[PDB]
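Participant: Structure provided below as structure tokens; questions to follow.
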Amino acid sequence: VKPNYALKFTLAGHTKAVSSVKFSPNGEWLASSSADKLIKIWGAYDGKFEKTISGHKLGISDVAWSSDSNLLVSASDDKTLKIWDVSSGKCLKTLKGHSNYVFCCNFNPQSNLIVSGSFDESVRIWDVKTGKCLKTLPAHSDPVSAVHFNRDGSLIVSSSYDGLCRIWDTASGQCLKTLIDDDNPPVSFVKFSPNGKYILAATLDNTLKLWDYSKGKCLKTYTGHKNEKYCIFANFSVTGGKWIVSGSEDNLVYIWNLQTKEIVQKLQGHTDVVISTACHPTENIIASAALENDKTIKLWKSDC
Amino acid sequence: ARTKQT
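Keeping their order, the protein sequence lines are chains A and B.
PDB author numbering runs 30 ahead of the 1-based position in the first sequence.
For the second sequence, counting from 1, position 4 maps to 4 in PDB author numbering; every step adds exactly one.
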């Protein structure tokens, strides 16, 4: 079994490098963020441009959806996160507290909380309703590259240029685990598996690893792509075959068989680094996005 | 931003 992703749409409109693309949990929408300070919303199935959401004073590195698909949070170089009402485009809350660029953000499954990671080396936990910062974790000793809640939100995984991946107890802020590796290249990306048992970690030595969280053990390695420079998103594709999906600094989307670790597909089309990829929640649809020689988002669909 | 290498 191999996928057969084919190009469906190319979405143009951002005026600088695109930073992050995410499908709404209800599958209806794609949100994108960019160095151009804008969020844009697009129909997931027809690629139709819906609206632009603006307000950040500097470039945006990440965006994330609430569980009901009604809210977005964005993380910006302006040191803030913003919570947006997607239907109105209005900024509901500006989340202030970070002392440097906000790099990464996610809601928890209940979506009463938001977690953020910053160049200021901290992880913050925010109350969605009030916009107040509930906890500041002294998480790392370099910029925080990624933050992600597990399946029920009880845990937070973070990664950093300090070479570490740490797991945090959401309720107490306490560190449950630091992943044990003999070496410490920058960790550029981390995410829980959908069942919360595994962690997918990227390092800037062209390497993705699947870690068993309970055992503290590396189970799988995925290679062949280029990743030495940028914090590139990776994914679990679960709708058809069980794949790992990543962007690449050679302008390609890479798809691996999760279990065998074989490259099953490489998607060509982009004309710059593929910084971000996202997997649709119910269909075999990938969204990919690229840096400033390109500035487009591509939507791809497979039979499996 | 994430679009510049750091």
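Beta carbons are placed, not taken as given, at the ideal position from N, Cα and C, and that holds for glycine.
Since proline 33/A and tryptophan 241/A should fall inside the 8 Å C-beta cutoff, what is the C-beta to C-beta distance between them, to a whole number of angstroms?
Facilitator: By 1-based counting over the first sequence, the position of residue 33/A is 3. By 1-based counting over the first sequence, the position of residue 241/A is 211. Not a contact, Cβ separation roughly 24 Å.
Participant: Do the stretch 63-83 of chain A and the stretch 35-54 of chain A touch if we need at least three Cβ pairs shorter than 8 Å?
Facilitator: Yes, the stretch 63-83 of chain A is in contact with the stretch 35-54 of chain A.
Participant: Quick check: is the beta carbon of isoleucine 293/A nearer than 8 Å to any beta carbon in chain B?
Facilitator: Residue mapping note: residue 293/A aligns to position 263 of the first sequence, counting from 1. Answer no: the Cβ-Cβ gap between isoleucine 293/A and chain B never drops below 8 Å.
Participant: Does the distance from the CB of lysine 109/A to the CB of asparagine 130/A come in under 8 Å?
Facilitator: Sequence index remark: in the first sequence, residue 109/A carries index 79 (1-based). Sequence index remark: in the first sequence, residue 130/A carries index 100 (1-based). Yes, these two residues count as a Cβ contact at 8 Å.
Participant: Starting from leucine 206/A and walking both ways along the beta strand (DSSP E), at which residues does that stretch end?
Facilitator: What you label residue 206/A is simply residue 176 of the first sequence in a count that begins at 1. Note, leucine 206/A: beta strand (DSSP E), 205-208.
Participant: Anyone know if the C-beta pair for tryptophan 330/A and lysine 123/A falls short of 8 Å?
Facilitator: Translated into the one-based positions of the first sequence, residue 330/A becomes position 300. Translated into the one-based positions of the first sequence, residue 123/A becomes position 93. For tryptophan 330/A and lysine 123/A, no; Cβs fall outside 8 Å.
Participant: Who are the neighbours of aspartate 107/A on chain B, taking C-beta pairs under 8 Å?
Facilitator: Against the first sequence, residue 107/A aligns to sequence position 77. Within 8 Å Cβ-Cβ: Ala1.
Participant: Measuring CB to CB, does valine 283/A end up less than 8 Å from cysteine 309/A?
Facilitator: Position 253 of the first sequence, counted from the start, is the residue given in the question as residue 283/A. Position 279 of the first sequence, counted from the start, is the residue given in the question as residue 309/A. Contact flag unset, no.
Participant: By how many angstroms is the C-alpha of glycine 299/A removed from the C-alpha of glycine 77/A?
Facilitator: Locating residue 77/A in the first sequence gives position 47, counting from the first residue. Locating residue 299/A in the first sequence gives position 269, counting from the first residue. The straight-line gap from Cα to Cα measures roughly 16 Å.
Participant: Please classify residue 25/A as buried or exposed, where buried requires at least 16 other C-beta atoms within 10 Å of its C-beta.
Facilitator: Outside the shown range of chain A (31 to 334) lies residue 25/A, about which nothing can therefore be said.
Participant: Confirm, please, whether the CB-CB distance from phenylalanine 79/A to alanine 105/A is below 8 Å.
Facilitator: As a working note, residue 105/A is residue 75 in the first sequence. As a working note, residue 79/A is residue 49 in the first sequence. Not in contact: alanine 105/A and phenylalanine 79/A (Cβ atoms no closer than 8 Å).
Participant: What residues of chain B sit near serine 91/A, judged by a beta carbon separation below 8 Å?
Facilitator: To locate residue 91/A, count along the first sequence from 1; it is residue 61. Those within 8 Å of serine 91/A in chain B are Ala1, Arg2 and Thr3.
Participant: If distances are taken between C-alpha atoms only, which option among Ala61/A, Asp333/A, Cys334/A and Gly73/A comes closest to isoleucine 83/A?
Facilitator: Start at 1 with the first residue of the first sequence, and residue 83/A comes out as number 53. Minimum Cα distance to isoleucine 83/A is reached at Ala61/A.
Participant: Cα separation between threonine 200/A and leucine 230/A?
Facilitator: Counting from 1 along the first sequence, the entry for residue 200/A is found at position 170. Counting from 1 along the first sequence, the entry for residue 230/A is found at position 200. Roughly 19 Å separates the two Cα atoms.
Participant: Using three-state DSSP, classify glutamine 289/A as helix, strand or coil.
Facilitator: For the purposes of this step, residue 289/A is taken as the residue at position 259 of the first sequence. In the structure shown, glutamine 289/A sits in coil (DSSP, three-state: anything other than H, G, I, E or B).
Participant: Can you give me the Cβ contacts of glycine 161/A inside the same chain, cut-off strictly under 6 Å, excluding the 5 residues immediately before and after it?
Facilitator: Within the first sequence, residue 161/A is the residue found at index 131, counting from 1. Closer than 6 Å at the Cβ level, and outside the excluded window around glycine 161/A, lie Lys123 and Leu125.
Participant: Would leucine 164/A pass as an interface residue toward chain B - the criterion being a Cβ-Cβ separation below 8 Å?
Facilitator: Here residue 164/A is taken as the residue at index 134 of the first sequence, counted from 1. No, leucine 164/A does not count as interfacial toward chain B.
Participant: So if DSSP puts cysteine 195/A in a beta bridge, which residue, or which two residues, is it bridged to?
Facilitator: Against the first sequence, residue 195/A aligns to sequence position 165. Note: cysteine 195/A sits in a beta bridge opposite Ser189/A.
Participant: Among residues of its own chain, excluding the 5 on either side of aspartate 107/A, which ones have a beta-carbon nearer than 6 Å to its beta-carbon?
Facilitator: Taking the first sequence and counting its residues from 1, one reaches residue 107/A at position 77. Contacts found: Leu88, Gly89 and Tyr131.
Participant: If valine 103/A sits next to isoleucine 144/A, beta carbons under 8 Å apart, how far is it from one beta carbon to the other, in whole angstroms?
Facilitator: In the first sequence, the residue the question calls residue 103/A occupies position 73. In the first sequence, the residue the question calls residue 144/A occupies position 114. With a Cβ gap of about 5 Å, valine 103/A and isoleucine 144/A count as contacting.
Participant: Identify which residue in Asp235/A, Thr233/A and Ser244/A has its Cα closest to the Cα of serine 223/A.
Facilitator: Taking the first sequence and counting its residues from 1, the one referred to as residue 223/A is at position 193. The option with the nearest alpha carbon to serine 223/A is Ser244/A.
Participant: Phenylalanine 133/A CB to nearest chain B CB: under 8 Å?
Facilitator: As a position in the first sequence, residue 133/A is number 103, starting the count at 1. True, the Cβ-Cβ gap to chain B drops below 8 Å.
Participant: Between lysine 221/A and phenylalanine 149/A, what straight-line distance do the alpha-carbon atoms span, to the nearest angstrom?
Facilitator: Position 191 of the first sequence, counting from 1, holds the residue named residue 221/A. Position 119 of the first sequence, counting from 1, holds the residue named residue 149/A. In a straight line, the C-alpha of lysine 221/A is about 18 Å away from that of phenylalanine 149/A.
Participant: Contact defined as beta carbons within less than 8 Å: I believe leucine 238/A pairs with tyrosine 252/A. What is the distance between those atoms, to the nearest angstrom?
Facilitator: The count along the first sequence starts at 1 and reaches residue 238/A at position 208. The count along the first sequence starts at 1 and reaches residue 252/A at position 222. Sure, about 4 Å apart at Cβ, within 8 Å.
Participant: How many Å lie between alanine 74/A and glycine 85/A at the Cα?
Facilitator: The sequence position of residue 74/A within the first sequence is 44, counting from 1. The sequence position of residue 85/A within the first sequence is 55, counting from 1. The alpha-carbon atoms of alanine 74/A and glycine 85/A are separated by roughly 24 Å.
Participant: With distances taken between CB atoms, is the gap from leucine 297/A to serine 318/A smaller than 8 Å?
Facilitator: Looking up residue 297/A in the first sequence gives position 267. Looking up residue 318/A in the first sequence gives position 288. Closer than 8 Å, so yes.
Participant: Quick one: give me the first and last residue of the beta strand (DSSP E) that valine 116/A is part of.
Facilitator: Counting from 1 along the first sequence, the entry for residue 116/A is found at position 86. Note, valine 116/A: premise wrong, no beta strand (DSSP E); not H, not E.
Participant: Say whether chain D places a C-beta atom closer than 8 Å to the C-beta of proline 215/A.
Facilitator: The chain inventory of the structure shown lacks chain D, comprising the protein chains A and B.
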